[PDB]
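Just so we're aligned: the sequence shown equals residues 1 to 130 in PDB author numbering. Everything on this sheet refers to the single structure shown next.
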Amino acid sequence: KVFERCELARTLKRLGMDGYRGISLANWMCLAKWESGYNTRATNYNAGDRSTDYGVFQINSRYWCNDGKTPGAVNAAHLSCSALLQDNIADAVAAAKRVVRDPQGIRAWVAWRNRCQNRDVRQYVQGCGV
Numbered sequence: 001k002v003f004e005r006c007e008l009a010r011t012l013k014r015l016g017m018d019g020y021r022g023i024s025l026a027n028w029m030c031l032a033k034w035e036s037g038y039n040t041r042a043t044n045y046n047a048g049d050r051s052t053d054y055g056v057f058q059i060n061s062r063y064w065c066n067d068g069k070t071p072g073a074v075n076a077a078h079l080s081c082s083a084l085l086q087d088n089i090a091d092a093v094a095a096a097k098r099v100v101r102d103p104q105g106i107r108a109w110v111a112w113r114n115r116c117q118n119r120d121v122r123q124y125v126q127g128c129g130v
């Protein structure tokens, strides 16, 4: 599923992401935007270390979800990576919350630092009613 901007914004708000661990909704939107283009079936293989990023938030198979083929991996969220490819993003949201529960916070995603951090992110939730 490819989400419409505002549709995703409301779904994340309903799921309790607004201000989760200090992270505003506009920030989670900026991340989803750059990580997947709001596409839940987005996958990206990292040839260099043999791990894969899954779903809307591009969750990594090394530490957060289990896909069986990733070397030196663990399951911190304890989910199957398959769960992060569903149209229903409840599990992907559960995983993303677990990731930011680590000291690095939203900074765990390098893309967030490159295109979101210290920028005007209002545009991601403007006109959405959230």
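Positions of the beta carbon are idealized from the N, C-alpha and C atoms, including for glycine.
Residue span of the alpha helix (DSSP H) that contains residue 44, given as start and end: The residue given as residue 44 occupies position 44 in the sequence shown. Premise fails: residue 44 lies in the beta strand (DSSP E), 43-46, not in any alpha helix (DSSP H).
Straight-line Cα distance separating residue 25 from residue 130: Counting from one through the sequence shown, the residue named residue 130 turns up at place 130. Counting from one through the sequence shown, the residue named residue 25 turns up at place 25. Distance between the alpha carbons of residue 130 and residue 25: 9 Å.
Cβ separation of residue 56 and residue 42, assumed to be a contact under 8 Å, to the nearest whole Å: For this step, residue 56 is matched to residue 56 along the sequence shown. For this step, residue 42 is matched to residue 42 along the sequence shown. With a Cβ gap of about 7 Å, residue 56 and residue 42 count as contacting.
Own chain partners of residue 28 with C-beta closer than 7 Å, once the 5 adjacent residues on each side are dropped: Your numbering for residue 28 matches position 28 in the sequence shown. If we look at residue 28 and ignore the five residues flanking it on each side, its Cβ neighbours are 12, 17.
Beta-carbon gap between residue 54 and residue 84 smaller than 8 Å: Translated into positions along the sequence shown, residue 54 becomes position 54. Translated into positions along the sequence shown, residue 84 becomes position 84. Yes.
Residue 15 and residue 116 closer than 8 Å at C-beta: Here residue 15 is taken as the residue at index 15 of the sequence shown, counted from 1. Here residue 116 is taken as the residue at index 116 of the sequence shown, counted from 1. For residue 15 and residue 116, no; Cβs fall outside 8 Å.
Chain-order list of residues whose beta-carbon lies under 6 Å from that of residue 112 (same chain, five-residue window excluded): Within the sequence shown, the letter at position 112 stands for residue 112. If we look at residue 112 and ignore the five residues flanking it on each side, its Cβ neighbours are 31, 106.
Cβ pair count under 8 Å reaching 3, the segment 59-66 against the segment 89-99: yes
Buried or exposed (CB count within 10 angstroms, at least 16 for buried), residue 87: On the sequence shown, position 87 is the one that residue 87 refers to. By the 10 Å Cβ count, residue 87 comes out exposed.
Straight-line gap, residue 19 to residue 73 (C-alpha atoms, nearest Å): As a position in the sequence shown, residue 19 is number 19, starting the count at 1. As a position in the sequence shown, residue 73 is number 73, starting the count at 1. Straight-line Cα distance between these residues: approximately 30 Å.
Extent of the continuous alpha helix (DSSP H) to which residue 18 belongs: The residue given as residue 18 occupies position 18 in the sequence shown. It is not in any alpha helix (DSSP H) - residue 18 carries neither H nor E in the DSSP assignment.
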